[PDB]
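The next block holds one structure in the form of structure tokens; read it before the comments.
All Cβ positions, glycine included, derive from the backbone under ideal geometry; neighbour counts span all protein chains shown. Quick note: the coordinates plus some simple rules give every number you see, no bench work behind them.
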Amino acid sequence: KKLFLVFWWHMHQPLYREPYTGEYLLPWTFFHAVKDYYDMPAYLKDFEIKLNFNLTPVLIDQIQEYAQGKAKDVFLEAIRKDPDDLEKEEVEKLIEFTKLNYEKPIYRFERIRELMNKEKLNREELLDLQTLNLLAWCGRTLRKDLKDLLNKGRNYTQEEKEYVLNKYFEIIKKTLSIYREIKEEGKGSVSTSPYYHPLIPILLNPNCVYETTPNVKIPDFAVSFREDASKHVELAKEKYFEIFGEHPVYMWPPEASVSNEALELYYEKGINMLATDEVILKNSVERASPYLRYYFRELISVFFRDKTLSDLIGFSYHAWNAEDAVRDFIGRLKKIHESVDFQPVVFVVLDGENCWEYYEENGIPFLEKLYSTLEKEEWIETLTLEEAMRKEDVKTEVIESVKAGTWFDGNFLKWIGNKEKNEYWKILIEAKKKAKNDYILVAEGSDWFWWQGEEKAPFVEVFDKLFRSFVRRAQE
Ligand SMILES: C[C@H]1O[C@H](O[C@H]2[C@H](O)[C@@H](O)[C@@H](O[C@H]3[C@H](O)[C@@H](O)[C@@H](O)O[C@@H]3CO)O[C@@H]2CO)[C@H](O)[C@@H](O)[C@@H]1N[C@H]1C=C(CO)[C@@H](O)[C@H](O)[C@H]1O
């Protein structure tokens, strides 16, 4: 009697490329590419387990642009330059980026603490600030290859910085290749999402928000987004087809967001299985066990992630020592295994790149111990999405209706329902009436609405510039 364990690591960035200048106004795609997007699948080179991944099409587009040498990344240019060539504005951006990241364990260099205590930085201090920002985002693979430069911690030269940059771009250039490799080796399945990571249930029917939050105010949706919802899914199938050579049959719904109408759309577009959140299941059925494969109206298979386990990795275990965290996680799997007489399917589904910066050593001791342990546990079998979808010795249940929501409290309030978020929807609605090109799809991404109207969101001015620039460009 096995426990079936399914990891599904979701990878996404919104489009940081400003459409009029072509400039990447934030470096987050570059930094998560060199830290996470190659290294997370590359664990499969060292550990005999299965791991699955979601890649959004808009993330893939940007990874490609960086790999081809065509991304004009303004923050990265401030890092690359000799400090004597830095603009006043660039020194400020560097310092402010450091301030934002200063307390994360991956930034634990005493030299960074020194540099932020200084009133004015000379050329050598700015080289250290530049290079330590780079090295803070070093991924597992190059953490081994560049170990000696990392331990130096100070006194970096321009040549050493450029060496690190070149190795980082080598990692980016091999990123799509490693997803193709682990896929064709059967070591993991790769899914995608609707193209720009929108909230499909809202695009199909904004009234679905009242299924969970009847008191919310939303703007006047005087235009239909139903066709755009279909386009996000169809364009995502095409982008995935181009990269991996087949149409995707697994999709991760952005923000775990489902509704009865969204599930119908995914079915109509040929998607065979998706996953969503345990809160949705609890809101939708009485006996809400996440350890079964569900069939929505006999149309499409649905797994509900184990929210506790997913949240322990995503939010809890950074505050734990690595050995104790793995002990805790394995202990919880043992409890699940002996809590049922059938073989439970245990989906662990979360962002694949955002939690690690808060762990010691970028989460590498944790994942190395976790994967080493799982590799050898005889009562656990990790599965690909394909194996989970087609496995015969599991329990199943039919579901006729879901209550529309997301994995954030089972509702849509993180993206709609206050004056500032509603203003973005109003802007989008107005622009859609006059839209002439697919930049309107870019502006439908969930990310713009998440950062709008929030207390101190970092660089929200940049997200705002991007959203409004895409909305402007969509009408031209
Ligand atoms: C400002 C923020 O930008 C970057 O964050 C991006 C994430 O890295 C991406 O993975 C993507 O996240 C979305 C997920 O895919 C989705 O599943 C859901 O979880 O929503 C996410 C938000 O839409 O897109 C993000 C940008 O939209 C950057 O990587 C990240 O570090 C930056 N976070 C800063 C913000 C705050 C306050 O919230 C601090 O807590 C962080 O420490 C800062 O680094």
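Key figures for this structure:
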quantity	calculated
Angstrom value of the Kirkwood radius, inverse mean 1/r, which spans all Cα pairs in the range 75-126	11.6 Å
Gain in span if fully extended, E430 to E184, counting 0.36 nm per residue against the direct Cα distance	84.1 nm
Within the range 1-33: backbone nitrogen closer than 17 Å to the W379 label point (7 Å, Cα to C-beta)	1-6
Spin-label pair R332/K99, simplified geometry with 7 Å Cα→Cβ offset, distance in nm	3.6 nm
Translational D in µm²/s for the range 387-456 (Stokes-Einstein at 37 °C, 0.692 mPa s, Kirkwood Rh from C-alpha pairs)	215 µm²/s
Chain lengthening between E361 and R154 when straightened (0.36 nm per residue, less Cα-Cα)	72.7 nm
Distance in nm between pseudo-label sites at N166 and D324 (7 Å out along the Cβ direction from Cα)	4.4 nm
Radius of gyration and maximum dimension Dmax of the range 290-410, Cα, Å	15.7, 45
Computed Kirkwood radius, in angstrom, where 1/r is averaged over Cα pairs of the range 170-215	13.9 Å
Electrostatic dipole magnitude of the chain [Cβ: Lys, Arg +1; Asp, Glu -1; Cα centre; debye, to 20]	360 debye
Semi-axis lengths, Å, the range 1-147, gyration tensor of Cα atoms, sqrt of 5 times eigenvalues	32, 21, 12
Cα-based equivalent ellipsoid of the chain: semi-axis lengths in Å, sorted from largest, via gyration tensor	36, 30, 20
By average C-beta atoms within 10 angstrom, highest first, the peptides 148-159, 3-14	3-14, 148-159
Within the chain, helix-based [θ] at 222 nm, where runs of 4 or more DSSP H residues each add -39,500 (n - 2.57), nearest 500	-13500 deg cm²/dmol
Estimated FRET transfer efficiency (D82, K282; beta-carbon r; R0 51 Å; 0.05)	0.35
